[PDB]
Amino acid sequence: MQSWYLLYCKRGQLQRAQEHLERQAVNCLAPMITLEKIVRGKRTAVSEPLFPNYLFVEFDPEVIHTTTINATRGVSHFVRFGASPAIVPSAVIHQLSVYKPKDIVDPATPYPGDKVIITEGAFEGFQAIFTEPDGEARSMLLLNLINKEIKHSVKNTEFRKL
Amino acid sequence: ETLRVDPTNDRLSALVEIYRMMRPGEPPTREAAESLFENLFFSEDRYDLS
Amino acid sequence: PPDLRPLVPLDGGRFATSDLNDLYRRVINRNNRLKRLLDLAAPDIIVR
RNA sequence: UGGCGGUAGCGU
DNA sequence: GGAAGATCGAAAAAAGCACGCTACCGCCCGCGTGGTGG
DNA sequence: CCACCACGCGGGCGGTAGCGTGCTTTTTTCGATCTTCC
């Protein structure tokens, strides 16, 4: 009788919504993947939810009504196609359970030997090659001069991705 | 004549119909319908005749 | 063109964003999110 | 020194 | 004698609601998150 | 160690629901009869 639903949650409130739904005694699921991020200047590895702002909740409407899940202090709404809320088949849940990926993540790609555009500092608007993360604050690029490119480490916030 | 037109013939059917009319797009359940009807009119929280 | 949706200065360090700029920002954000989601091979329900 | 939303007012 | 055209009223959705002018008020993304100075 | 000056991703807002609510005219659709037949 228990069934699965897709839930769209508010921005930056997935953990609180998940805790509340656990307090509602319903099953919760959200993919979790760790990776390196810029983190406003510190290229550190943290865990972000795959398919952000999406939760998969297993429960029974007869036991606990849908509107209770809708207004559980952190749930933006139900992902609904038509009048009734959408029902996700168990095959998708089974696939997501064994879903163990490895991805690069596009906007956090200061990878070694990768093209990066510097738009600040003495090398503003210049294309260079990230080649190794020097510590955390000041990543290291082959800064491009008119003659050639030279090893140099400058602040992470100076350059963005091409 | 209105009773003849009315298709519902029981309290549960009437509650389901009024719940569907009040909140479309949600699964009609007896508990939710009865709670909605009770809280709509006979509850002091959001209904209050001055 | 930008001049048809200008950001008039507010002489207070802020700018008055027009509704067109906000709508374009919404469209750009949603398009980027959809591209990222389809790049990650999201399930059918999420993609829809 | 640019826009709107609300309010009030003038002439019809 | 059941299916397709008629129609028929009943309901639902869209667009409009004068012109100039003047003055004041309020705002010009909000919010969870973060770093820094008193 | 606590108040307050940025900040950068989302979107109805807020809440373990509900909020709406004193117009007229024109156009479109739809259930319900109907009706008319092949």
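For neighbour counting, all protein chains shown are included, and Cβ atoms are generated from backbone atoms with ideal geometry for every residue, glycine included. Bear in mind that the values in this text are calculations on the coordinates, not laboratory data.
Data table
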item	result
Test: residue in segment A:50-72 that is closer than 30 Å to A:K155 by Cα and among the charged types (D, E, K, R)	no
Helices (runs of 4 or more DSSP H) fully within chain B counting 2 or more residues that are under 13 Å from the mean Cα position of the chain (by Cα)	B:11-22, B:30-41
Candidate set from segment B:1-49 (those that are among the small types (G, A, S), facing chain A (nearest Cβ under 10 Å) and out of contact with any helix residue (DSSP H, G or I) (no Cβ under 8 Å at 6 or more places or on another chain)); member that is farthest from A:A86 (Cα to Cα)	B:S35
Residues satisfying the stated conditions in segment A:40-70, i.e. in a loop (DSSP other than H, G, I, E, B) and within 11 Å of another protein chain (Cβ to nearest Cβ)	A:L50, A:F51, A:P52, A:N53, A:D60, A:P61, A:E62, A:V63, A:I64, A:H65
Failed item, numbered, when A:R73 is tested on (1) more than 26 Å from C:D44 (Cα to Cα); (2) under 21 Å from the mean Cα position of the chain (by Cα); (3) of a type in the set (D, E, K, R)	(2)
Out of A:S90, A:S47, sole residue that is within 28 Å of B:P24 (Cβ to Cβ), surrounded by fewer than 14 Cβ atoms within 10 Å (Cβ to Cβ), of a type outside the set (D, E) and out of contact with any helix residue (DSSP H, G or I) (no Cβ under 8 Å at 6 or more places or on another chain)	A:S90
Qualifying residue in segment C:11-32 (condition: surrounded by 12 or more Cβ atoms within 10 Å (Cβ to Cβ), more than 12 Å from DNA strand E (Cβ to nearest atom), within 14 Å of another protein chain (Cβ to nearest Cβ) and in a helix (DSSP H, G or I))	yes
